[PDB]
Structure formats: C-alpha cells, structure tokens
C-alpha cells in the first residue's frame, strides 16, 4: 500500500512531468513496416485539434499527435542543459554501427492514460508496439545514462524500480472508445514479429 509520503511523491512526479518543457530526446530512429493507410479505419486523438488542453507546451500532452509520430525508439528523456553531454556521447560512440542494431516487434500494448496528461485536459492513450531489444541496445542505453544524466523513469508507483519497455509508439486514441481501441490493436497485432532496423539517432 502507498503511504502518505509515497502518495505525496507521486504528486511531485506528476507535476514535474507537467511543468517539464524544452527537453531533448535520446532515441534511435527506426523504419517501421506499417503505414498511415493501415490505420485508415481508426480514429486518432490529436491534441493539436482538441480543446481544453491547459498547457500545449507540456511534454505530457505535446507529443499526443494522433498517428503523426516519427518512427523511433526512445532510450531516455533528459533536460536541455544536458545537450552537450549527449553530443559528446554521440562522438564517443562514433565507431558503433547503429544500423546493425535491430528490434523485434513482440506485443501491441495500449499504455494506461497518464494522470499528468489527464489533468492537463488530454483524453488519449498511447498504443505502442513493445519491442525485444538486444544486449547491444540495452548496453548502449545503460552507458548513455552513465555519460548523460537522465531523469529516472517513474511511470508507476514511486517505490517500484523502472522497467524499460522499448517500444515504437504507433498512435494515440481516445481513452473512452473501446471499439476503436480494440480495432486499432487488432490491426497493429498483424505486424508482430517484424524486424525493425535502426537508422541512427533522432534529430
């Protein structure tokens, strides 16, 4: 059970993600086998077309743009002042062939609605494709966090240790439309087992 301090710490994590703006993405740009037309029957949730959003610049709602999402696998999200460390890490890993890295589409997961986005007026959940990352990718991410200070991912209880879920976000859908969500997941599940090639860092 969550204690008084643990519940208060969860309020801090939510508010920290709401106030967090102007951050950099340390991810791996990838090529996906699915296309926009594959989800033609699906209705998507785009905050740029919605009303009641309290802070369009907050990272908790800013990137909820329907299926208009760049194909990429996020390794970590850190602050803007760490951009020199991230540039230094990309030069330290200059001899690493990122194109040899590869992921495997395992399962389609609809992430729960984050409380940070819901408080900002968002009504969308992320439908992603969970990936199986190799040891090379896991080691690249761990050394990345060793060179570049990165905030700890706290998506659940503050007491639980973070479990990295490597994924490619396919699109956001409304949280109050189960038929549209189930149909999207069923169509996305047809791409399970597809091998995903990395092209390089996200720019």
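Numbering follows the first chain given and starts at 1.
- Between 106-114 and 87-95, the higher mean Cα B-factor belongs to 87-95.
- Averaged over CA atoms, B-factors in the entry run higher in 48-56 than in the other of 48-56 and 26-34.
- Of the residues listed, 126, 73, 131, 101, the entry assigns the biggest Cα temperature factor to 101.
- Ranked by C-alpha B-factor against the other modelled residues of its chain, residue 19 falls in the middle third.
- Residue 196: CA B factor in the middle third of modelled residues in this chain (values from the PDB entry).
- For residue 65, the recorded CA temperature factor ranks within the middle third of the chain's modelled residues.
- Sort the chain's modelled residues by C-alpha temperature factor and residue 155 lands in the highest third, per the entry.
- Sort the modelled residues of the chain by CA B factor and residue 4 lands in the lowest third.
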